[PDB]
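Content type CSV, N, CA and C atoms, from the file input-v2.csv:
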chain,number,residue,atom,x,y,z
Y,1,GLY,N,0.8,-1.2,0.0
Y,1,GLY,CA,0.0,0.0,0.0
Y,1,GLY,C,0.8,1.3,0.0
Y,2,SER,N,1.1,1.8,-1.2
Y,2,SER,CA,1.9,3.0,-1.3
Y,2,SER,C,1.6,3.7,-2.6
Y,3,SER,N,2.1,5.0,-2.7
Y,3,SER,CA,1.8,5.8,-3.8
Y,3,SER,C,2.9,5.7,-4.9
Y,4,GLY,N,2.7,4.9,-5.9
Y,4,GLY,CA,3.7,4.7,-6.9
Y,4,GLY,C,3.3,3.8,-8.0
Y,5,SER,N,2.7,4.3,-9.1
Y,5,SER,CA,2.2,3.5,-10.2
Y,5,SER,C,2.3,4.3,-11.5
Y,6,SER,N,2.4,3.5,-12.6
Y,6,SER,CA,2.5,4.1,-13.9
Y,6,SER,C,1.5,3.5,-14.9
Y,7,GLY,N,0.6,4.4,-15.4
Y,7,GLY,CA,-0.4,3.9,-16.3
Y,7,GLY,C,0.2,3.2,-17.5
Y,8,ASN,N,-0.6,2.4,-18.2
Y,8,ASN,CA,-0.1,1.7,-19.4
Y,8,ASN,C,-0.7,2.3,-20.7
Y,9,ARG,N,-0.2,1.8,-21.8
Y,9,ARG,CA,-0.7,2.3,-23.1
Y,9,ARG,C,-2.1,1.8,-23.4
Y,10,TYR,N,-2.7,2.5,-24.4
Y,10,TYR,CA,-4.1,2.1,-24.7
Y,10,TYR,C,-4.2,0.6,-25.0
Y,11,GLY,N,-5.4,0.1,-24.9
Y,11,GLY,CA,-5.6,-1.3,-25.1
Y,11,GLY,C,-7.0,-1.6,-25.6
Y,12,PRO,N,-7.2,-2.6,-26.5
Y,12,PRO,CA,-8.5,-3.0,-27.1
Y,12,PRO,C,-9.4,-3.6,-26.0
Y,13,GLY,N,-10.6,-4.0,-26.5
Y,13,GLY,CA,-11.6,-4.6,-25.6
Y,13,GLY,C,-12.9,-4.8,-26.2
Y,14,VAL,N,-13.2,-6.1,-26.6
Y,14,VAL,CA,-14.5,-6.4,-27.2
Y,14,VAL,C,-15.7,-6.0,-26.4
Y,15,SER,N,-16.9,-6.1,-26.9
Y,15,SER,CA,-18.1,-5.7,-26.2
Y,15,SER,C,-19.3,-6.2,-26.9
Y,16,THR,N,-20.3,-6.8,-26.2
Y,16,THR,CA,-21.5,-7.3,-26.8
Y,16,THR,C,-22.5,-7.7,-25.7
Y,17,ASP,N,-23.8,-7.7,-26.0
Y,17,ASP,CA,-24.8,-8.1,-25.1
Y,17,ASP,C,-26.0,-8.6,-25.8
Y,18,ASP,N,-26.2,-10.0,-25.8
Y,18,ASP,CA,-27.4,-10.6,-26.4
Y,18,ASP,C,-28.5,-10.8,-25.4
Y,19,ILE,N,-29.7,-11.1,-25.9
Y,19,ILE,CA,-30.9,-11.3,-25.1
Y,19,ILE,C,-31.0,-12.8,-24.8
Y,20,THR,N,-31.3,-13.2,-23.6
Y,20,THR,CA,-31.4,-14.6,-23.2
Y,20,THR,C,-32.9,-14.9,-23.0
Y,21,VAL,N,-33.3,-16.2,-23.1
Y,21,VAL,CA,-34.6,-16.6,-22.9
Y,21,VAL,C,-35.1,-16.4,-21.4
Y,22,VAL,N,-36.1,-15.5,-21.2
Y,22,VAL,CA,-36.6,-15.2,-19.9
Y,22,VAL,C,-38.1,-15.5,-19.8
Y,23,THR,N,-38.5,-16.4,-20.6
Y,23,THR,CA,-40.0,-16.8,-20.7
Y,23,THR,C,-40.3,-17.6,-19.5
Y,24,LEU,N,-41.5,-17.4,-18.9
Y,24,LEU,CA,-42.0,-18.2,-17.8
Y,24,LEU,C,-42.8,-19.4,-18.2
Y,25,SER,N,-42.7,-20.5,-17.4
Y,25,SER,CA,-43.3,-21.7,-17.7
Y,25,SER,C,-44.3,-22.1,-16.6
Y,26,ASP,N,-45.4,-22.8,-17.0
Y,26,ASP,CA,-46.3,-23.3,-16.0
Y,26,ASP,C,-46.4,-24.8,-15.9
Y,27,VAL,N,-45.4,-25.4,-16.5
Y,27,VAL,CA,-45.3,-26.9,-16.5
Y,27,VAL,C,-45.1,-27.4,-15.1
Y,28,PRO,N,-45.6,-28.7,-14.8
Y,28,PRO,CA,-45.5,-29.3,-13.5
Y,28,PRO,C,-44.0,-29.7,-13.2
Y,29,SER,N,-43.8,-30.0,-11.9
Y,29,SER,CA,-42.5,-30.3,-11.4
Y,29,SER,C,-42.5,-31.7,-10.7
Y,30,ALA,N,-43.3,-32.6,-11.2
Y,30,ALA,CA,-43.4,-33.9,-10.5
Y,30,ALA,C,-44.2,-34.9,-11.4
Y,31,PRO,N,-43.8,-36.1,-11.4
Y,31,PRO,CA,-44.5,-37.2,-12.2
Y,31,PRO,C,-45.8,-37.5,-11.7
Y,32,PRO,N,-46.6,-38.3,-12.4
Y,32,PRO,CA,-48.0,-38.7,-12.0
Y,32,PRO,C,-47.9,-39.8,-10.9
Y,33,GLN,N,-49.1,-40.1,-10.4
Y,33,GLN,CA,-49.2,-41.1,-9.3
Y,33,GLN,C,-50.1,-42.3,-9.7
Y,34,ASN,N,-50.0,-43.3,-8.9
Y,34,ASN,CA,-50.8,-44.5,-9.2
Y,34,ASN,C,-50.5,-45.1,-10.6
Y,35,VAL,N,-49.2,-45.1,-11.0
Y,35,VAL,CA,-48.8,-45.5,-12.3
Y,35,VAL,C,-48.3,-47.0,-12.2
Y,36,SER,N,-49.2,-47.9,-12.5
Y,36,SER,CA,-48.9,-49.3,-12.4
Y,36,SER,C,-49.4,-50.0,-13.7
Y,37,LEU,N,-49.0,-51.3,-13.9
Y,37,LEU,CA,-49.4,-52.1,-15.0
Y,37,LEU,C,-50.1,-53.4,-14.6
Y,38,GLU,N,-51.1,-53.8,-15.4
Y,38,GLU,CA,-51.8,-55.0,-15.1
Y,38,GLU,C,-52.2,-55.7,-16.4
Y,39,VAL,N,-51.6,-56.9,-16.7
Y,39,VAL,CA,-51.9,-57.7,-17.9
Y,39,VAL,C,-53.2,-58.4,-17.7
Y,40,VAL,N,-54.2,-58.0,-18.5
Y,40,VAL,CA,-55.5,-58.7,-18.4
Y,40,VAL,C,-55.6,-59.9,-19.3
Y,41,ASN,N,-55.0,-59.8,-20.5
Y,41,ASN,CA,-55.0,-60.9,-21.5
Y,41,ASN,C,-53.6,-61.0,-22.2
Y,42,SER,N,-53.5,-62.0,-23.1
Y,42,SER,CA,-52.2,-62.1,-23.8
Y,42,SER,C,-52.0,-61.0,-24.8
Y,43,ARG,N,-53.1,-60.5,-25.4
Y,43,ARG,CA,-53.1,-59.4,-26.3
Y,43,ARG,C,-53.9,-58.2,-25.9
Y,44,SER,N,-53.9,-58.0,-24.6
Y,44,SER,CA,-54.7,-56.9,-24.0
Y,44,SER,C,-54.1,-56.5,-22.6
Y,45,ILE,N,-53.9,-55.2,-22.5
Y,45,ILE,CA,-53.4,-54.6,-21.2
Y,45,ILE,C,-54.0,-53.3,-20.9
Y,46,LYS,N,-54.4,-53.1,-19.6
Y,46,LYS,CA,-55.0,-51.9,-19.2
Y,46,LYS,C,-54.0,-51.1,-18.3
Y,47,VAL,N,-53.8,-49.8,-18.8
Y,47,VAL,CA,-52.9,-48.9,-18.1
Y,47,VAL,C,-53.6,-47.8,-17.3
Y,48,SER,N,-53.4,-47.8,-16.0
Y,48,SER,CA,-54.1,-46.8,-15.2
Y,48,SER,C,-53.1,-45.7,-14.7
Y,49,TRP,N,-53.6,-44.6,-14.2
Y,49,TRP,CA,-52.8,-43.5,-13.7
Y,49,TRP,C,-53.6,-42.4,-13.0
Y,50,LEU,N,-53.0,-41.5,-12.4
Y,50,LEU,CA,-53.7,-40.4,-11.7
Y,50,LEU,C,-52.9,-39.1,-11.8
Y,51,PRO,N,-53.6,-38.0,-11.7
Y,51,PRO,CA,-52.9,-36.6,-11.8
Y,51,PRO,C,-52.1,-36.3,-10.6
Y,52,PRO,N,-51.2,-35.3,-10.7
Y,52,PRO,CA,-50.3,-34.9,-9.6
Y,52,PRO,C,-51.0,-34.3,-8.5
Y,53,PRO,N,-50.3,-34.1,-7.4
Y,53,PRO,CA,-50.9,-33.4,-6.2
Y,53,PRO,C,-51.2,-32.0,-6.3
Y,54,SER,N,-52.1,-31.5,-5.5
Y,54,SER,CA,-52.5,-30.1,-5.6
Y,54,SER,C,-51.4,-29.1,-5.0
Y,55,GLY,N,-50.2,-29.2,-5.6
Y,55,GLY,CA,-49.1,-28.4,-5.1
Y,55,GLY,C,-48.1,-28.2,-6.1
Y,56,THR,N,-47.8,-29.2,-6.9
Y,56,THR,CA,-46.8,-29.1,-8.0
Y,56,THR,C,-47.4,-28.5,-9.3
Y,57,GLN,N,-48.5,-29.1,-9.7
Y,57,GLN,CA,-49.2,-28.6,-10.9
Y,57,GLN,C,-49.8,-27.3,-10.7
Y,58,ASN,N,-49.6,-26.4,-11.6
Y,58,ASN,CA,-50.2,-25.0,-11.6
Y,58,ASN,C,-51.5,-24.9,-12.4
Y,59,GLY,N,-51.4,-25.4,-13.6
Y,59,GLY,CA,-52.6,-25.3,-14.4
Y,59,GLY,C,-53.5,-26.5,-14.2
Y,60,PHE,N,-54.8,-26.3,-14.4
Y,60,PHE,CA,-55.8,-27.4,-14.2
Y,60,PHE,C,-55.6,-28.5,-15.2
Y,61,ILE,N,-55.0,-29.6,-14.7
Y,61,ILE,CA,-54.8,-30.8,-15.6
Y,61,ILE,C,-55.9,-30.9,-16.6
Y,62,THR,N,-55.5,-30.9,-17.9
Y,62,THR,CA,-56.4,-31.0,-19.0
Y,62,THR,C,-56.5,-32.4,-19.5
Y,63,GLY,N,-55.3,-33.1,-19.7
Y,63,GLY,CA,-55.3,-34.4,-20.2
Y,63,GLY,C,-54.0,-35.1,-19.7
Y,64,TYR,N,-53.7,-36.2,-20.4
Y,64,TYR,CA,-52.5,-37.0,-20.1
Y,64,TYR,C,-51.9,-37.6,-21.3
Y,65,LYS,N,-50.5,-37.7,-21.4
Y,65,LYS,CA,-49.8,-38.3,-22.5
Y,65,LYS,C,-49.4,-39.7,-22.2
Y,66,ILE,N,-49.5,-40.5,-23.3
Y,66,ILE,CA,-49.2,-41.9,-23.1
Y,66,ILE,C,-48.2,-42.4,-24.3
Y,67,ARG,N,-47.1,-43.0,-23.9
Y,67,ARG,CA,-46.1,-43.5,-24.9
Y,67,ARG,C,-45.8,-44.9,-24.6
Y,68,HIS,N,-46.1,-45.8,-25.5
Y,68,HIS,CA,-45.8,-47.2,-25.4
Y,68,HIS,C,-44.7,-47.6,-26.3
Y,69,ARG,N,-43.9,-48.6,-25.9
Y,69,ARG,CA,-42.7,-49.1,-26.6
Y,69,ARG,C,-42.8,-50.6,-26.9
Y,70,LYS,N,-42.3,-51.0,-28.0
Y,70,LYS,CA,-42.3,-52.4,-28.4
Y,70,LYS,C,-40.9,-53.0,-28.5
Y,71,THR,N,-40.7,-54.2,-28.2
Y,71,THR,CA,-39.4,-54.9,-28.3
Y,71,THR,C,-39.0,-55.2,-29.7
Y,72,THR,N,-38.8,-54.1,-30.5
Y,72,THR,CA,-38.5,-54.3,-31.9
Y,72,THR,C,-37.9,-53.0,-32.5
Y,73,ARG,N,-37.3,-53.1,-33.7
Y,73,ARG,CA,-36.7,-52.0,-34.3
Y,73,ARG,C,-37.4,-50.7,-34.0
Y,74,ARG,N,-36.7,-49.6,-33.9
Y,74,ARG,CA,-37.3,-48.3,-33.6
Y,74,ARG,C,-38.7,-48.2,-34.3
Y,75,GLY,N,-39.7,-47.6,-33.6
Y,75,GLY,CA,-41.0,-47.5,-34.1
Y,75,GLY,C,-42.1,-47.3,-33.1
Y,76,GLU,N,-41.8,-46.5,-32.1
Y,76,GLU,CA,-42.7,-46.2,-31.0
Y,76,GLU,C,-44.0,-45.5,-31.5
Y,77,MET,N,-44.8,-45.2,-30.6
Y,77,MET,CA,-46.1,-44.5,-30.9
Y,77,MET,C,-46.7,-43.7,-29.7
Y,78,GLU,N,-47.0,-42.5,-29.9
Y,78,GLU,CA,-47.5,-41.6,-28.9
Y,78,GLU,C,-49.1,-41.5,-29.0
Y,79,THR,N,-49.7,-41.4,-27.9
Y,79,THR,CA,-51.2,-41.3,-27.9
Y,79,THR,C,-51.7,-40.8,-26.5
Y,80,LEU,N,-52.8,-40.0,-26.6
Y,80,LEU,CA,-53.4,-39.5,-25.4
Y,80,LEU,C,-54.9,-39.6,-25.4
Y,81,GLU,N,-55.5,-39.8,-24.2
Y,81,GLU,CA,-56.9,-39.9,-24.0
Y,81,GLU,C,-57.4,-39.1,-22.9
Y,82,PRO,N,-58.0,-37.9,-23.3
Y,82,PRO,CA,-58.6,-37.0,-22.3
Y,82,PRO,C,-59.9,-37.6,-21.6
Y,83,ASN,N,-60.5,-38.5,-22.3
Y,83,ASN,CA,-61.7,-39.1,-21.7
Y,83,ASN,C,-61.5,-39.5,-20.3
Y,84,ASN,N,-60.8,-40.6,-20.0
Y,84,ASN,CA,-60.5,-41.1,-18.7
Y,84,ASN,C,-59.0,-41.2,-18.5
Y,85,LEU,N,-58.6,-41.7,-17.3
Y,85,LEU,CA,-57.2,-41.9,-16.9
Y,85,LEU,C,-56.8,-43.3,-17.1
Y,86,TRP,N,-57.3,-44.0,-18.2
Y,86,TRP,CA,-57.0,-45.4,-18.4
Y,86,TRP,C,-57.0,-45.7,-19.9
Y,87,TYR,N,-56.1,-46.5,-20.4
Y,87,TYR,CA,-56.1,-46.8,-21.8
Y,87,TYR,C,-55.8,-48.3,-22.0
Y,88,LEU,N,-56.7,-49.0,-22.6
Y,88,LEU,CA,-56.5,-50.5,-22.9
Y,88,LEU,C,-55.9,-50.7,-24.3
Y,89,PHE,N,-54.7,-51.3,-24.3
Y,89,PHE,CA,-54.1,-51.6,-25.6
Y,89,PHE,C,-54.3,-53.1,-26.0
Y,90,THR,N,-55.1,-53.3,-27.1
Y,90,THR,CA,-55.3,-54.7,-27.5
Y,90,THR,C,-54.8,-54.9,-28.9
Y,91,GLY,N,-54.2,-56.1,-29.2
Y,91,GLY,CA,-53.7,-56.4,-30.5
Y,91,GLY,C,-52.2,-56.8,-30.4
Y,92,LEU,N,-51.7,-57.0,-29.2
Y,92,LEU,CA,-50.3,-57.3,-29.0
Y,92,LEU,C,-50.1,-58.8,-29.3
Y,93,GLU,N,-48.8,-59.2,-29.1
Y,93,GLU,CA,-48.5,-60.6,-29.4
Y,93,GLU,C,-48.2,-61.4,-28.1
Y,94,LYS,N,-47.8,-62.7,-28.2
Y,94,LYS,CA,-47.5,-63.5,-27.1
Y,94,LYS,C,-46.0,-63.5,-26.8
Y,95,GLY,N,-45.7,-63.9,-25.6
Y,95,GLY,CA,-44.3,-64.0,-25.2
Y,95,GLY,C,-43.5,-62.7,-25.6
Y,96,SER,N,-44.1,-61.6,-25.5
Y,96,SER,CA,-43.5,-60.3,-25.8
Y,96,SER,C,-43.3,-59.4,-24.6
Y,97,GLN,N,-42.8,-58.2,-24.9
Y,97,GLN,CA,-42.5,-57.3,-23.8
Y,97,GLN,C,-42.9,-55.9,-24.3
Y,98,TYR,N,-43.8,-55.2,-23.5
Y,98,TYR,CA,-44.2,-53.8,-23.8
Y,98,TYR,C,-44.0,-52.9,-22.6
Y,99,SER,N,-43.7,-51.6,-22.9
Y,99,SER,CA,-43.5,-50.6,-21.9
Y,99,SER,C,-44.3,-49.4,-22.1
Y,100,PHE,N,-44.8,-48.8,-21.0
Y,100,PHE,CA,-45.6,-47.6,-21.1
Y,100,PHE,C,-45.1,-46.5,-20.2
Y,101,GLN,N,-45.7,-45.3,-20.3
Y,101,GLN,CA,-45.3,-44.2,-19.4
Y,101,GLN,C,-46.4,-43.1,-19.4
Y,102,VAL,N,-46.7,-42.6,-18.2
Y,102,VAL,CA,-47.7,-41.6,-18.1
Y,102,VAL,C,-47.1,-40.2,-17.8
Y,103,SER,N,-47.6,-39.2,-18.4
Y,103,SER,CA,-47.1,-37.8,-18.2
Y,103,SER,C,-48.3,-36.8,-17.9
Y,104,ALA,N,-48.2,-36.0,-16.9
Y,104,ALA,CA,-49.2,-35.1,-16.5
Y,104,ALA,C,-49.2,-33.9,-17.5
Y,105,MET,N,-50.4,-33.5,-18.0
Y,105,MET,CA,-50.5,-32.4,-19.0
Y,105,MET,C,-51.3,-31.3,-18.4
Y,106,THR,N,-50.7,-30.1,-18.4
Y,106,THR,CA,-51.3,-28.9,-17.9
Y,106,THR,C,-51.7,-27.9,-19.0
Y,107,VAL,N,-52.3,-26.8,-18.6
Y,107,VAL,CA,-52.7,-25.8,-19.6
Y,107,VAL,C,-51.5,-25.2,-20.3
Y,108,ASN,N,-50.4,-25.3,-19.8
Y,108,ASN,CA,-49.1,-24.8,-20.4
Y,108,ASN,C,-48.6,-25.8,-21.4
Y,109,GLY,N,-48.2,-27.0,-20.9
Y,109,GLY,CA,-47.7,-28.0,-21.8
Y,109,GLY,C,-47.6,-29.4,-21.1
Y,110,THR,N,-46.8,-30.3,-21.7
Y,110,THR,CA,-46.7,-31.6,-21.1
Y,110,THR,C,-45.6,-31.6,-20.0
Y,111,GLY,N,-45.9,-32.4,-19.0
Y,111,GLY,CA,-45.0,-32.5,-17.8
Y,111,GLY,C,-44.0,-33.6,-18.0
Y,112,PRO,N,-43.1,-33.7,-17.0
Y,112,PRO,CA,-42.1,-34.8,-17.0
Y,112,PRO,C,-42.6,-36.2,-16.8
Y,113,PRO,N,-42.2,-37.1,-17.6
Y,113,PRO,CA,-42.6,-38.5,-17.5
Y,113,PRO,C,-42.1,-39.2,-16.3
Y,114,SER,N,-42.6,-40.4,-16.0
Y,114,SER,CA,-42.2,-41.2,-14.9
Y,114,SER,C,-41.4,-42.4,-15.3
Y,115,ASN,N,-40.9,-43.2,-14.3
Y,115,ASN,CA,-40.2,-44.4,-14.6
Y,115,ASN,C,-40.8,-45.2,-15.7
Y,116,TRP,N,-40.0,-45.9,-16.5
Y,116,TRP,CA,-40.4,-46.7,-17.6
Y,116,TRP,C,-40.9,-48.1,-17.1
Y,117,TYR,N,-42.2,-48.2,-16.7
Y,117,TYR,CA,-42.7,-49.5,-16.3
Y,117,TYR,C,-42.9,-50.5,-17.4
Y,118,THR,N,-42.3,-51.7,-17.2
Y,118,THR,CA,-42.4,-52.7,-18.2
Y,118,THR,C,-43.4,-53.8,-17.8
Y,119,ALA,N,-44.0,-54.5,-18.7
Y,119,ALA,CA,-44.9,-55.6,-18.4
Y,119,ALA,C,-44.8,-56.7,-19.5
Y,120,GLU,N,-44.9,-57.9,-19.1
Y,120,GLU,CA,-44.8,-59.1,-20.0
Y,120,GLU,C,-46.2,-59.8,-20.1
Y,121,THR,N,-46.5,-60.3,-21.2
Y,121,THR,CA,-47.8,-61.0,-21.4
Y,121,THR,C,-47.6,-62.5,-21.0
Y,122,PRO,N,-48.7,-63.1,-20.6
Y,122,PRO,CA,-48.7,-64.5,-20.1
Y,122,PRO,C,-48.6,-65.4,-21.3
Y,123,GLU,N,-47.5,-66.1,-21.4
Y,123,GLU,CA,-47.3,-67.1,-22.5
Y,123,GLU,C,-48.6,-67.8,-22.9
Y,124,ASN,N,-49.3,-68.2,-21.9
Y,124,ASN,CA,-50.6,-68.9,-22.1
Y,124,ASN,C,-51.8,-68.0,-21.8
Could the structure of this file be written out as structure tokens, please?
Amino acid sequence: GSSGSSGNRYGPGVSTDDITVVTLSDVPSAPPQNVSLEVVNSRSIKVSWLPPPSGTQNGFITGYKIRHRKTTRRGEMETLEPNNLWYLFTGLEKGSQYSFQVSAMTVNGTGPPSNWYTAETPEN
């Protein structure tokens, strides 16, 4: 700490300021509940589920997203049913494996999915 310094010569210095995304979202911050699987028949399966708690979801749940997967080359399929909180998939095969997933949907958009629950059909 003393008085003794010598300024330096001129120097360059870039400058810029871009705009960042500051949009607000009303999407949920938690997966659905009561997400289980139950094989009714060899080529039939009923998937049930329920909406999130009255604390995470902001918008009044409008519907739900459903995505099933098949044990074969890429070729999934998305589907949603606002009617009820259950979807029965019929037309599957035997000794196969299928997976599903439920996602809460709000007035804003689709919420985060839950664990990938898998289910196998009864050989007989």
d(CA of residue 107 (chain Y), CA of residue 49 (chain Y)) in Å = 18.7 Å
Which residues of region 20-70 of chain Y sit at most 8 Å from region 117-120 of chain Y, using only N, CA and C atoms? Give each one's shortest atom pair and distance in Å (one decimal place), in chain and ascending residue order, as CSV.
residue,atom,partner,partner_atom,distance
Y:35,C,Y:117,CA,7.4
Y:36,C,Y:117,CA,7.2
Y:37,CA,Y:119,CA,6.6
Y:38,N,Y:119,CA,7.1
Y:39,CA,Y:120,C,6.5
Y:41,C,Y:120,C,7.8
Y:42,CA,Y:120,C,7.4
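Here the question is which of Y:112, Y:13, Y:122, Y:28 gets nearest to residue 57 (chain Y) using all atoms listed in the file, and that residue is Y:28.
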Gap from CA of residue 123 (chain Y) to atom C of residue 94 (chain Y) - Å, one decimal =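 Going from CA of residue 123 (chain Y) over to atom C of residue 94 (chain Y) covers 5.8 Å.
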Within 5 Å of (-57.9, -48.8, -22.6), all atoms listed in the file: residues as a list in words?
->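 Counting all atoms listed in the file, I find these residues within 5 Å of (-57.9, -48.8, -22.6): residues 86, 87, 88 and 89 of chain Y.
Distance cut-off 7 Å, centre (-57.0, -44.6, -14.5), atoms counted only C-alpha atoms; the residues meeting this are residues 47, 48, 49, 50, 84, 85 and 86 of chain Y.
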Could you please take those selected residues and save N, CA and C atoms as a CSV table (one decimal), in the coordinates of the input?
chain,number,residue,atom,x,y,z
Y,47,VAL,N,-53.8,-49.8,-18.8
Y,47,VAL,CA,-52.9,-48.9,-18.1
Y,47,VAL,C,-53.6,-47.8,-17.3
Y,48,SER,N,-53.4,-47.8,-16.0
Y,48,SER,CA,-54.1,-46.8,-15.2
Y,48,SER,C,-53.1,-45.7,-14.7
Y,49,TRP,N,-53.6,-44.6,-14.2
Y,49,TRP,CA,-52.8,-43.5,-13.7
Y,49,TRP,C,-53.6,-42.4,-13.0
Y,50,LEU,N,-53.0,-41.5,-12.4
Y,50,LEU,CA,-53.7,-40.4,-11.7
Y,50,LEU,C,-52.9,-39.1,-11.8
Y,84,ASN,N,-60.8,-40.6,-20.0
Y,84,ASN,CA,-60.5,-41.1,-18.7
Y,84,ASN,C,-59.0,-41.2,-18.5
Y,85,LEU,N,-58.6,-41.7,-17.3
Y,85,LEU,CA,-57.2,-41.9,-16.9
Y,85,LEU,C,-56.8,-43.3,-17.1
Y,86,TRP,N,-57.3,-44.0,-18.2
Y,86,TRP,CA,-57.0,-45.4,-18.4
Y,86,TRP,C,-57.0,-45.7,-19.9
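From CA of residue 105 (chain Y) back to CA of residue 60 (chain Y), the distance works out to 8.7 Å.
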Which one of Y:78, Y:108, Y:53, Y:44 sits closest to residue 121 (chain Y) if you count all atoms listed in the file?
->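 Among Y:78, Y:108, Y:53, Y:44, it is Y:44 that comes nearest to residue 121 (chain Y).
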Report as a PyMOL selection string: the residues of chain Y with a DSSP assignment of strand (DSSP E), based on the backbone of this structure.
-> chain Y and resi 37-41+44-48+63-70+77-80+86-90+97-100+102-105+117-120
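With only C-alpha atoms as the basis for measurement, Y:96 is the residue among Y:45, Y:90, Y:58, Y:96 that approaches residue 70 (chain Y) most closely.
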7 Å contact set for residue 31 (chain Y), only N, CA and C atoms, chain neighbours under 6 positions out, as a PyMOL selection string = chain Y and resi 51-52+102-104+111-114
Extract region 83-99 of chain Y from the preceding block and save N, CA and C atoms as a compact mmCIF listing (two decimals), in the first residue's frame.
# COMPACT_ATOMS: atom_id res chain seq x y z
N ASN Y 83 -60.50 -38.51 -22.26
CA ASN Y 83 -61.71 -39.12 -21.72
C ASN Y 83 -61.51 -39.52 -20.26
N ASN Y 84 -60.76 -40.60 -20.05
CA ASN Y 84 -60.50 -41.09 -18.70
C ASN Y 84 -59.00 -41.24 -18.47
N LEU Y 85 -58.63 -41.69 -17.27
CA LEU Y 85 -57.23 -41.88 -16.92
C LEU Y 85 -56.82 -43.34 -17.08
N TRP Y 86 -57.28 -43.96 -18.16
CA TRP Y 86 -56.96 -45.36 -18.44
C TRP Y 86 -57.04 -45.66 -19.93
N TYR Y 87 -56.11 -46.46 -20.42
CA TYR Y 87 -56.08 -46.82 -21.84
C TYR Y 87 -55.75 -48.30 -22.01
N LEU Y 88 -56.67 -49.03 -22.64
CA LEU Y 88 -56.47 -50.46 -22.88
C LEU Y 88 -55.93 -50.71 -24.28
N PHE Y 89 -54.75 -51.32 -24.35
CA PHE Y 89 -54.12 -51.62 -25.63
C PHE Y 89 -54.32 -53.08 -26.01
N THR Y 90 -55.07 -53.31 -27.08
CA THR Y 90 -55.35 -54.67 -27.54
C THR Y 90 -54.79 -54.89 -28.94
N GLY Y 91 -54.23 -56.08 -29.17
CA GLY Y 91 -53.67 -56.39 -30.47
C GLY Y 91 -52.20 -56.76 -30.39
N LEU Y 92 -51.70 -56.96 -29.18
CA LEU Y 92 -50.30 -57.31 -28.97
C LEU Y 92 -50.06 -58.78 -29.32
N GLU Y 93 -48.83 -59.24 -29.08
CA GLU Y 93 -48.47 -60.62 -29.38
C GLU Y 93 -48.19 -61.39 -28.09
N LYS Y 94 -47.83 -62.66 -28.24
CA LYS Y 94 -47.53 -63.51 -27.09
C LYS Y 94 -46.04 -63.52 -26.79
N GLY Y 95 -45.68 -63.94 -25.58
CA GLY Y 95 -44.28 -63.98 -25.19
C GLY Y 95 -43.52 -62.75 -25.63
N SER Y 96 -44.14 -61.58 -25.46
CA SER Y 96 -43.51 -60.32 -25.85
C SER Y 96 -43.34 -59.41 -24.64
N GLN Y 97 -42.77 -58.23 -24.87
CA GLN Y 97 -42.55 -57.26 -23.81
C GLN Y 97 -42.90 -55.85 -24.27
N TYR Y 98 -43.75 -55.18 -23.50
CA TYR Y 98 -44.17 -53.83 -23.83
C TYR Y 98 -44.00 -52.89 -22.64
N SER Y 99 -43.67 -51.64 -22.91
CA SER Y 99 -43.47 -50.65 -21.86
C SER Y 99 -44.35 -49.42 -22.10
